[PDB]
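Notes follow once the structure below has been shown.
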Amino acid sequence: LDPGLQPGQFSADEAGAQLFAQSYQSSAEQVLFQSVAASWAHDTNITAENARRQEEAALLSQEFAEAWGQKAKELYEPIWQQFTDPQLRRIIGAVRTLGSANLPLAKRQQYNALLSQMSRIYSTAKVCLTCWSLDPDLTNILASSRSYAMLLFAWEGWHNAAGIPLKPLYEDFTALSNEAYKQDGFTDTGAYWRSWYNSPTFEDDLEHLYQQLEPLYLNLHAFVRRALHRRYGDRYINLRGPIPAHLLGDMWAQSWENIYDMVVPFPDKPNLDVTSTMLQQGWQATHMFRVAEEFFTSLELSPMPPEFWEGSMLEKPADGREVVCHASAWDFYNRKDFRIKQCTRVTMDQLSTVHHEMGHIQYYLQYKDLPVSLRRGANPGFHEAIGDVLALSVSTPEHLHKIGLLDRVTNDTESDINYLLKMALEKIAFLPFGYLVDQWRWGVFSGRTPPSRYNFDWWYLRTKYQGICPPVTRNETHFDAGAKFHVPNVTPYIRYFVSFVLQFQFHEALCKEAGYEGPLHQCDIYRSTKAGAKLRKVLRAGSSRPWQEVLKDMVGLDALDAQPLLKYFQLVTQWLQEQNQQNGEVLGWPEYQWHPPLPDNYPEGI
Ligand SMILES: *[C@@H]1O[C@H](CO[C@H]2O[C@@H](C)[C@@H](O)[C@@H](O)[C@@H]2O)[C@@H](O[C@@H]2O[C@H](CO)[C@@H](O[C@@H]3O[C@H](CO)[C@@H](O)[C@H](O)[C@@H]3O)[C@H](O)[C@H]2NC(C)=O)[C@H](O)[C@H]1NC(C)=O
Ligand SMILES: *[C@@H]1O[C@H](CO)[C@@H](O[C@@H]2O[C@H](CO)[C@@H](O)[C@H](O)[C@H]2NC(C)=O)[C@H](O)[C@H]1NC(C)=O
Ligand SMILES: *[C@@H]1O[C@H](CO[C@@H]2O[C@@H](C)[C@@H](O)[C@@H](O)[C@@H]2O)[C@@H](O)[C@H](O)[C@H]1NC(C)=O
Ligand SMILES: [Cl-]
Ligand SMILES: [Zn+2]
């Protein structure tokens, strides 16, 4: 470690601890920056040399963490918890958490290489027939093909190509990750991930949320399954069984908005998918980002700085080099550089993703002057919620009309059902997936799911929660969990479930603050400076204060709560119950063992 980055002398008391934290931040920004920069260089240009550089950067970060972590303990271990300044206690708490820096050098090196190799494998996997990439090729097929055999080819090809080679690395990763956090005093990595919510009852609280949300999912599921049955036939759809996992518009069946055009309740009302209009009007990625930015500035939040536009990667590179296409937002910890990396496509769901990512950037812009350790969301679900809240306003037919993407719509009950149904495909269908992913990972980390049951337990959960089944046979050679970005890229997932509940609490609160008095799902907070001020107060707090308190100030309640989401969807929740009863649907999938057969002459789809 460079001398200028090493910790020096400080007194073993609170006053000294303040000075230690100031000294820490000065050097941490340099170390974090070099690490984020090397990660950027790799993820926008995947090569063995860039992985090597990233790995060296990670090693330096680990050296730094260890030196400052050990010094924190040397001076403050018995006293930091009784410090007067709550922000100081939080800073010291973070600094003393070493993570992978607890690993000896040889194991740090294995750990860092595993992360590189898992990232490479996922982001460069291809499906050959001249081969298709996940983004854009397989993504467009899953979104827009209504050919059972083509969808199957893409679903099978992707899961085989990405998942199988990841399995041995993922096992090695898991063991090292656990070894590292065990030395911070956590029984496994999952306990550490969960500790960020600062709640002894986290898992029970989640379960009780999902219990309230499940009926909305069951009804949406049954209604969609009926439509698929009419399209694909009794051979491939079982009206009392799980839906085949390739038919829902998304590689992971995690959100279903891309099959809206197959299930639209009232086809004679306005077309709520504005993708065609975007293309007809000549929208490009840059326009999509500018229109999102303008919504932020309408709220008197910050524009994107010049460094964002100059540094970001907003379209897939045409030199055809290898990149991580999965959308992400980047804080370089120098208070200057902030960037999005997205292989942007010109679609409505991508306009929402643009807002999701820019929500992350706005958080970074608002908390950039807090101590480095506090530059995080109040909890990670908050970070994921910000942009989605704005996107809820944007997606309203009234808002789409204002920005030229939809001829004005009537405000009749059919149009309302169409809209709420399209929104349910995006938000309600996700809920089970958002909840199950980290249930699988927590079980893997805890040892309840060994390698011998990775796929068995993954499909147990996928069926249990989503009511889906693999459309070709799978066995334990397959590692279907590895075919989802967040698994090989070690990004926790429960955040997204928390976010999907939390964003409706936020939405309600900001709509009320904007003085809006109509139905919650027709609220648009555009140009509400009062709403903007209320959101800003959250963003500026970072992780300086307990999230329960930040939430309380914002929404008047100190807990996650499903009622705002239930209120938003009420009309379509009722409509779907009634529709399914009229059709005599079974809610659920009691034929839990059912899987579809292979099509005739599959895979001869020349
Ligand atoms: C689409 O229409 C709905 C329904 O409007 C009905 O009620 C009014 C507006 C009347 O013109 C009638 O013909 C319509 O059928 C609009 O939703 C309603 O919005 C009004 C506010 O404009 C709400 O009134 C307010 O609600 C609460 C009651 O708790 C109070 O805080 C307020 O003082 C006020 O009473 C009303 O509740 C809404 N009705 C329903 C069924 O939700 C909606 O605004 C409109 N949307 C658009 C985009 O035009
Ligand atoms: C992608 O990364 C590679 C490294 O793997 C970059 O290669 C360097 O390119 C520079 C600039 O032209 C050359 O001068 C160096 O000699 C190259 N280094 C190596 C090790 O080959 C490449 O430039 C990157 N591409 C982009 C667009 O950034
Ligand atoms: C696991 O499955 C492997 C390949 O999948 C199989 O063959 C495909 C084409 C389908 O027909 C499907 O029924 C099968 O699952 C097999 O090569 C392999 O033998 C199986 N693995 C183990 C460990 O038994
Ligand atoms: Cl999380
Ligand atoms: Zn996000």
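Going through the structure tokens in order, the chains are called A, B, and so on, while each chain numbers its residues from 1 and the ligands are numbered from 1 in the order shown.
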
**OP:** List all protein, DNA and RNA residues that have an atom no more than 7 Å from any atom of ligand 1, counting only C-alpha atoms and all ligand atoms, and report them as a ChimeraX atom specification.
**Re:** /A:398,411,517-519,522

Take the residues from that selection and write them out as an mmCIF file, in the first residue's frame, keeping C-alpha atoms.
data_model
loop_
_atom_site.group_PDB
_atom_site.id
_atom_site.type_symbol
_atom_site.label_atom_id
_atom_site.label_comp_id
_atom_site.auth_asym_id
_atom_site.auth_seq_id
_atom_site.Cartn_x
_atom_site.Cartn_y
_atom_site.Cartn_z
ATOM 1 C CA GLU A 398 -51.700 11.296 -19.614
ATOM 2 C CA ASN A 411 -60.813 8.232 -19.231
ATOM 3 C CA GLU A 517 -56.261 14.129 -5.547
ATOM 4 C CA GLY A 518 -57.391 11.651 -8.228
ATOM 5 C CA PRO A 519 -56.872 7.899 -8.388
ATOM 6 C CA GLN A 522 -53.371 8.411 -12.715
#

**OP:** Please identify all polymer residues within 10 Å of residue 538 in chain A, counting only C-alpha atoms, omitting same-chain residues fewer than 5 positions from it, and present them as a count of residues only.
**Re:** 14

Original post:
Tell me, which residues of range 70-150 of chain A carry DSSP strand (DSSP E or B), written as JSON, numbers by chain?
Top reply: {"A": [126, 127, 128, 131, 132, 133]}

Would you mind exporting N, CA and C atoms of the selected residues as a PDB file, in the first residue's frame?
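Output saved as part34.pdb:
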ATOM      1  N   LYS A 126     -23.161 -17.164 -25.902  1.00  0.00           N
ATOM      2  CA  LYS A 126     -23.888 -17.018 -27.166  1.00  0.00           C
ATOM      3  C   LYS A 126     -24.687 -18.261 -27.488  1.00  0.00           C
ATOM      4  N   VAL A 127     -25.710 -18.088 -28.317  1.00  0.00           N
ATOM      5  CA  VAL A 127     -26.488 -19.194 -28.828  1.00  0.00           C
ATOM      6  C   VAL A 127     -26.292 -19.272 -30.334  1.00  0.00           C
ATOM      7  N   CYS A 128     -25.765 -20.386 -30.808  1.00  0.00           N
ATOM      8  CA  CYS A 128     -25.517 -20.555 -32.233  1.00  0.00           C
ATOM      9  C   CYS A 128     -26.590 -21.417 -32.882  1.00  0.00           C
ATOM     10  N   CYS A 131     -24.026 -16.565 -34.480  1.00  0.00           N
ATOM     11  CA  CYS A 131     -24.635 -16.809 -33.170  1.00  0.00           C
ATOM     12  C   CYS A 131     -25.298 -15.593 -32.525  1.00  0.00           C
ATOM     13  N   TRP A 132     -26.321 -15.864 -31.713  1.00  0.00           N
ATOM     14  CA  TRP A 132     -27.092 -14.823 -31.064  1.00  0.00           C
ATOM     15  C   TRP A 132     -26.560 -14.506 -29.690  1.00  0.00           C
ATOM     16  N   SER A 133     -26.460 -13.214 -29.400  1.00  0.00           N
ATOM     17  CA  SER A 133     -26.156 -12.735 -28.056  1.00  0.00           C
ATOM     18  C   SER A 133     -27.449 -12.532 -27.285  1.00  0.00           C
TER      19      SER A 133
END

Nearby polymer residues, ligand 3, at most 9 Å, only C-alpha atoms and all ligand atoms, as a CSV table (one decimal) with N, CA and C atoms, in the first residue's frame:
chain,number,residue,atom,x,y,z
A,472,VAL,N,-38.0,-27.6,-21.5
A,472,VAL,CA,-37.3,-28.8,-21.8
A,472,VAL,C,-36.9,-29.3,-20.5
A,473,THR,N,-36.6,-30.6,-20.5
A,473,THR,CA,-36.1,-31.3,-19.2
A,473,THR,C,-34.8,-30.7,-18.8
A,474,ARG,N,-34.6,-30.6,-17.4
A,474,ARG,CA,-33.4,-30.2,-16.8
A,474,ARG,C,-32.9,-31.2,-15.8
A,475,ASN,N,-31.6,-31.3,-15.5
A,475,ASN,CA,-31.1,-32.1,-14.5
A,475,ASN,C,-30.0,-31.4,-13.8
A,476,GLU,N,-29.2,-32.0,-12.9
A,476,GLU,CA,-28.2,-31.2,-12.2
A,476,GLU,C,-26.9,-30.8,-12.9
A,477,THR,N,-26.8,-31.2,-14.2
A,477,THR,CA,-25.7,-30.6,-15.0
A,477,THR,C,-26.1,-29.2,-15.4
A,478,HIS,N,-27.4,-28.9,-15.5
A,478,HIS,CA,-27.8,-27.5,-15.7
A,478,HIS,C,-27.7,-26.7,-14.4
A,598,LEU,N,-41.9,-31.7,-26.1
A,598,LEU,CA,-41.2,-31.1,-27.2
A,598,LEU,C,-42.1,-30.9,-28.4

**OP:** Find the residues near ligand 4. Use a cut-off of 9 Å, count only C-alpha atoms and all ligand atoms, and write them as a PyMOL selection string.
**Re:** chain A and resi 193-194+196-197+379-381+438+491-496+498

Restricting the output to C-alpha atoms, write the selected residues as a PDB file, in the first residue's frame.
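And here is the file that came out, selection_28.pdb:
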ATOM      1  CA  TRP A 193     -26.401  -9.289   2.858  1.00  0.00           C
ATOM      2  CA  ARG A 194     -29.482  -9.304   5.082  1.00  0.00           C
ATOM      3  CA  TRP A 196     -28.030  -4.193   5.576  1.00  0.00           C
ATOM      4  CA  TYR A 197     -31.764  -3.973   6.404  1.00  0.00           C
ATOM      5  CA  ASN A 379     -31.163   0.588   2.314  1.00  0.00           C
ATOM      6  CA  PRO A 380     -30.449  -0.993  -1.076  1.00  0.00           C
ATOM      7  CA  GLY A 381     -34.210  -1.218  -1.905  1.00  0.00           C
ATOM      8  CA  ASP A 438     -32.267 -14.548  -2.786  1.00  0.00           C
ATOM      9  CA  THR A 491     -25.478  -8.601  -7.050  1.00  0.00           C
ATOM     10  CA  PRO A 492     -28.036  -9.201  -4.301  1.00  0.00           C
ATOM     11  CA  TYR A 493     -31.678  -9.418  -5.353  1.00  0.00           C
ATOM     12  CA  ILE A 494     -34.011  -8.930  -2.361  1.00  0.00           C
ATOM     13  CA  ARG A 495     -33.534  -5.169  -2.981  1.00  0.00           C
ATOM     14  CA  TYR A 496     -35.792  -5.480  -6.040  1.00  0.00           C
ATOM     15  CA  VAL A 498     -38.264  -4.412  -1.454  1.00  0.00           C
TER      16      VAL A 498
END

Original post:
Once you count only C-alpha atoms and all ligand atoms, which residues end up within 6 Å of ligand 2, and could you hand them over as a PyMOL selection string?
Top reply: chain A and resi 45+47+49-50

**OP:** Enumerate as a PyMOL selection string all residues of range 209-454 of chain A assigned to helix (DSSP H, G or I) by DSSP on the backbone, naming them with the chain letters and numbers the document uses.
**Re:** chain A and resi 209-232+257-263+275-280+285-298+306-311+348-367+372-374+380-394+397-402+413-427+430-446+451-454

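A straight line drawn from CA of residue 268 in chain A to CA of residue 228 in chain A is 20.1 Å long.
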
Which residues of chain A have any atom within 10 Å of an atom in ligand 5 when counting only C-alpha atoms and all ligand atoms, and what is the closest pair of atoms for each, with the distance in Å to one decimal? Order the rows by chain and rising number and write it as a tab-separated table.
residue	atom	partner	partner_atom_place_in_ligand_line	distance
A:327	CA	ligand 5	1 (Zn)	8.0
A:328	CA	ligand 5	1 (Zn)	6.6
A:329	CA	ligand 5	1 (Zn)	7.3
A:353	CA	ligand 5	1 (Zn)	8.6
A:355	CA	ligand 5	1 (Zn)	9.8
A:356	CA	ligand 5	1 (Zn)	6.1
A:357	CA	ligand 5	1 (Zn)	5.9
A:358	CA	ligand 5	1 (Zn)	9.1
A:359	CA	ligand 5	1 (Zn)	8.0
A:360	CA	ligand 5	1 (Zn)	6.6
A:361	CA	ligand 5	1 (Zn)	10.0
A:380	CA	ligand 5	1 (Zn)	9.1
A:381	CA	ligand 5	1 (Zn)	8.8
A:382	CA	ligand 5	1 (Zn)	9.7
A:383	CA	ligand 5	1 (Zn)	6.8
A:384	CA	ligand 5	1 (Zn)	4.5
A:385	CA	ligand 5	1 (Zn)	7.8
A:386	CA	ligand 5	1 (Zn)	8.9
A:387	CA	ligand 5	1 (Zn)	8.4
A:388	CA	ligand 5	1 (Zn)	9.1
A:493	CA	ligand 5	1 (Zn)	10.0
A:495	CA	ligand 5	1 (Zn)	8.8
A:496	CA	ligand 5	1 (Zn)	7.9
A:499	CA	ligand 5	1 (Zn)	9.4

Kindly assemble as JSON lines a list of the range 34-126 of chain A residues that lie within 9 Å of range 161-178 of chain A, each paired with its nearest atom pair and their distance in Å to one decimal, using only C-alpha atoms, sorted first by chain and then by ascending residue number.
{"residue": "A:99", "atom": "CA", "partner": "A:177", "partner_atom": "CA", "distance": 8.1}
{"residue": "A:100", "atom": "CA", "partner": "A:177", "partner_atom": "CA", "distance": 6.9}
{"residue": "A:103", "atom": "CA", "partner": "A:176", "partner_atom": "CA", "distance": 8.1}
{"residue": "A:107", "atom": "CA", "partner": "A:176", "partner_atom": "CA", "distance": 7.5}
{"residue": "A:108", "atom": "CA", "partner": "A:176", "partner_atom": "CA", "distance": 8.7}
{"residue": "A:110", "atom": "CA", "partner": "A:176", "partner_atom": "CA", "distance": 8.5}
{"residue": "A:111", "atom": "CA", "partner": "A:173", "partner_atom": "CA", "distance": 6.4}
{"residue": "A:114", "atom": "CA", "partner": "A:169", "partner_atom": "CA", "distance": 6.3}
{"residue": "A:115", "atom": "CA", "partner": "A:173", "partner_atom": "CA", "distance": 7.7}
{"residue": "A:117", "atom": "CA", "partner": "A:169", "partner_atom": "CA", "distance": 8.0}
{"residue": "A:118", "atom": "CA", "partner": "A:166", "partner_atom": "CA", "distance": 6.3}
{"residue": "A:121", "atom": "CA", "partner": "A:162", "partner_atom": "CA", "distance": 6.6}
{"residue": "A:122", "atom": "CA", "partner": "A:162", "partner_atom": "CA", "distance": 5.4}
{"residue": "A:123", "atom": "CA", "partner": "A:162", "partner_atom": "CA", "distance": 8.4}
{"residue": "A:124", "atom": "CA", "partner": "A:162", "partner_atom": "CA", "distance": 8.5}
{"residue": "A:125", "atom": "CA", "partner": "A:162", "partner_atom": "CA", "distance": 5.6}
{"residue": "A:126", "atom": "CA", "partner": "A:161", "partner_atom": "CA", "distance": 6.5}

Original post:
So how many Å separate CA of residue 376 in chain A and CA of residue 396 in chain A, to one decimal?
Top reply: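 Separating CA of residue 376 in chain A from CA of residue 396 in chain A is a distance of 29.7 Å.
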